[PDB]
Structures are given as C-alpha cells and as structure tokens.
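Shown here is one chain on its own, the form deposited without coproporphyrinogen III, set out as structure tokens.
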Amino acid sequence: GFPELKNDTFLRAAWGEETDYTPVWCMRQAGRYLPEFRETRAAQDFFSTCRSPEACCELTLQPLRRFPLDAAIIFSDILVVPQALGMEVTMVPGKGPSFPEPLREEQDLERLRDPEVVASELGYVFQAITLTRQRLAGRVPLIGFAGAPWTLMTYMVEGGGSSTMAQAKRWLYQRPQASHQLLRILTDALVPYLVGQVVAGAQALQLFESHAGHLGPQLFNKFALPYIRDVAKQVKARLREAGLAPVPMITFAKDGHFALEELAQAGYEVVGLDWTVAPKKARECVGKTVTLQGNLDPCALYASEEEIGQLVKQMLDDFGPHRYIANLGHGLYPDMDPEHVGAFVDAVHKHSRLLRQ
C-alpha cells in the first residue's frame, strides 16, 4: 500500500534490462559532505537521531533535494545489527564507531541475543523505511541495506576500524569453529532484518562487505562467501513464502577484486565495484549475466567539474550501456563539495544518453 513508482530506471538496470540512460546514486549520498546533514545529525547522539524515523527519513531525502539521483538509500548504520545483538556502542566524535568491549574469547559469544529476536529490536529501522517510502511518493526506488557477516564480525572483534584486521583474522586461523559460529549468528540475524526492510518498503537491498580486501581468496571463500551466498538465498525464499516479490540484491565487496568471479555466482543481481578494478576487467570476471555497479574513485570528485565530466565519460565508455548502474567506488568523503557530487550525477545522465544516441 505505497505510492506507485514513477522513475524505475535503477530497478530495470538492476534486473539487466535496457534503459534510456544510466541510473546513478552515491554511497553515503546522505553524509557529512552535506551541511544540512551535520545540522540534522546534531539533534542528539548517533543512536538517537538514527532511532528517530522522521530523522532518518529527512536525512535520506536531503540528497534527493539537491540532485536528481535515481535511487535513495535509507539512512542508517551497519552497526545497528551487532548492537541489536547485544553489544554496546560508544559513538564518539573523534573515533566514531566503537565497541568498548569487543568479542575476543569464544565465551564472549554467550552475551549475544538469539538472532531470531534481532528483527524485533530493529523495528525503528523498519518504521523509518515505511515513512521514507511514503514521503518519497514514488519519485525513485528506496534501497535498504546491511553489512555482510564477515564485515560485521570485524567490527565486533576489532572493536572498530583497523588497517590489518589482525584480531579478526586471528579468529579465522586460531578459532575457525567459533568464527563460523559467529558468522552463522550474524547470517541468521541479517536474513530476517533484510526481509523486514523489504516488508517495510525497501525496493532493493545492498549487502556491504566493506572489509573484504583484508582476506585473500582462500579465507574469503572459507569465511565470507558462504554467508554472503546464504543471505541472498534465504532472503529470497522468505520473501516468496510471505507472498512478496523479491527485490534486486547488490553485493559490494570493497577491495574484493579477487572474488568478483565467485560473487557473480552468489545469487545477487548486482555486483558493486571499488575504483581499483578496471571496468572492462570486472566485466570479464563477472560475465555477461549480472549487472555491475559504480566505480568512480570518490576522490575524483576533488577534481574540477569539467574534469569530473571527462572522468565520467571515460568510465561509461569502459562499462558500456548494458547492465550497469553508475556510482562511486566507495562512499562520499566528509570534505567533498556538494556541487561536485551534482556534477557527477549530471555527467552520468548526459554521457549515458550520448552513448546511446
């Protein structure tokens, strides 16, 4: 019972269909690079201006007021899942995302909630999704999301960011059983969470495996890939059994060049790419079935609007007009110019039409 979708270009491209132009959106489009974002977020702490449906809806809508983006992504945080699982977060302005008491011993898994009860703990996200879907009034599709099991595990074990994931990877090598146990707990929580996002109104889903690069092919296929496959399989099944139509699912593995081939067979309609993988080579790895997403170096936006136009033109030529959704290789950075983001969006639309006409 939601408004009928007016612009569905992003969805058609996601399913592999031909479109009049290439649809585009930006990871972190609702982010600190927007002055209005900082003001709204300054209402209260992170997990308060995030637990408010109206606040998330407003943040989600802000970028769409500045740029004709072909999709909106619900504003939230990947860390909401580990939190709903029972872990305490202490979001500070300096460090940012942080778990003061990380998982380090196998025994630490005992403090986690049964993954079956996580969806009920994340009701505020569902409310924000329904509210945003209503307010968007069918302008463009609404993307729902969550972090992949491995990536969520790294935050839970490391306690935050890391340039090596040494503690998390030590778990994989020294505690393989406990690692699989944690990864399964995360999977069993993500499935009902993602299904709930669609029930609440999400029209597409993206699984963020932001810390894929720290693993090599072998560890990835052993600890990340199985669960990435399981998420898509179980979400699709539960949606069908509930009488709902499955939505297109995207798998983004940052620094996951080595896993592109497996990811194209993981049960996702779209495979997101970071900027280090050449578009043509990515096309080779994935095949001709799946849709590819993104890829411009987010830092490319520091260049002039004219230079951004040329970089976008070159990117579109490599990807080709078929099975492609434009985006950056990673999320927008806090110090980027909103005007340069607009130039990126406008360039994709302009050149994608010229590439067709």
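Note that residue numbering begins at 1 and tracks the sequence as displayed.
What comes next is about the form solved in complex with coproporphyrinogen III, which does not appear here.
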| message | in the deposited bound form, does each of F75, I78 and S210 have a heavy atom within 4.5 Å of coproporphyrinogen III? | response | yes
TL;DR on 240-248, 177-185, 257-265, 67-75: the one with heavy atoms within 4.5 Å of coproporphyrinogen III in the deposited bound form is 67-75
Tell me, yes or no, whether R28 is in contact with coproporphyrinogen III in the deposited bound form, where a contact means a heavy atom of each within 4.5 Å. yes
Inset, instruction - Answer for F126 alone: is it within 4.5 Å of coproporphyrinogen III in the deposited bound form, judged on heavy atom distances? - result: no
Can you work out whether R32 and coproporphyrinogen III are in contact in the deposited bound form, taking contact to mean some heavy atom pair no more than 4.5 Å apart?
yes
Classify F145 as contacting or not contacting coproporphyrinogen III in the deposited bound form by the rule of any non-hydrogen atom within 4.5 angstroms, answering yes or no. yes
Partner-free chain; cross-checking coproporphyrinogen III in the deposited bound form, the single residue of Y155, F220, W171, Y227 with a heavy atom within 4.5 Å is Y155
Checking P115, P97, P279, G196 against coproporphyrinogen III in the deposited bound form, the residue with a non-hydrogen atom inside 4.5 angstroms turns out to be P97
